């Protein structure tokens with residue numbers, strides 16, 4: 001991955017997945033990414049993108 | 001008998017009979033109270049941003 005920026009276009013701190021993050025990316029090639037947050041701030045619905 | 005309330009009523013009220021009533025009196029304001037259920041409030045992502 002290269003040239004990626006994250007924007008929180010929507011967030012509500014609800015019990016379910018109440019937030020959407022949009023990341024602008026310029027990757028070397030197509031593939032599968034193990035998207036993850038090492039910190040405990042957020043829990044991700046998708047383990048891969 | 002002098003002009004009736006059609007021509008003398010303040011605030012430009014229109015005076016009608018059967019039933020005796022006044023209409024379009026431009027005095028005061030109506031306080032409105034809305035109760036909107038939470039279901040009508042959609043998500044931000046659905047509407048244009």
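Please note: Cβ atoms are built from the backbone with ideal geometry, for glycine as well, and neighbour counts cover all protein chains shown. Each value in this text was obtained by applying a stated rule to the coordinates, not by laboratory testing.
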In chain B, anything within 14 Å of another protein chain (Cβ to nearest Cβ) and either in contact with a strand residue (DSSP E or B) (Cβ under 8 Å, 6 or more places away or on another chain) or on the phi > 0 side of the Ramachandran plot (or both) is listed as B:43, B:44, B:45, B:49
If we keep only residues of segment A:2-17 that are more than 14 Å from chain B (Cβ to nearest Cβ) and in contact with a strand residue (DSSP E or B) (Cβ under 7 Å, 6 or more places away or on another chain), then the residue farthest from residue B:42 (Cα to Cα) is A:4
Problem - Some residue of segment B:16-34 being without any contact (Cβ under 8 Å) to a residue 24 or more places away in the chain and under 30 Å from residue A:13 (Cβ atoms) - result: yes
Exception for residue A:23 within (1) part of a loop (DSSP other than H, G, I, E, B); (2) within 12 Å of the chain's Cα centre (by Cα); (3) surrounded by 10 or more Cβ atoms within 10 Å (Cβ to Cβ) falls at (1)
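Of these, A:47, A:21, which one is within 29 Å of residue B:42 (Cα to Cα) and away from every other protein chain (no Cβ under 12 Å)?
Working: A:21 fails: away from every other protein chain (no Cβ under 12 Å).
Testing whether each residue is within 29 Å of residue B:42 (Cα to Cα) and away from every other protein chain (no Cβ under 12 Å) leaves just A:47.
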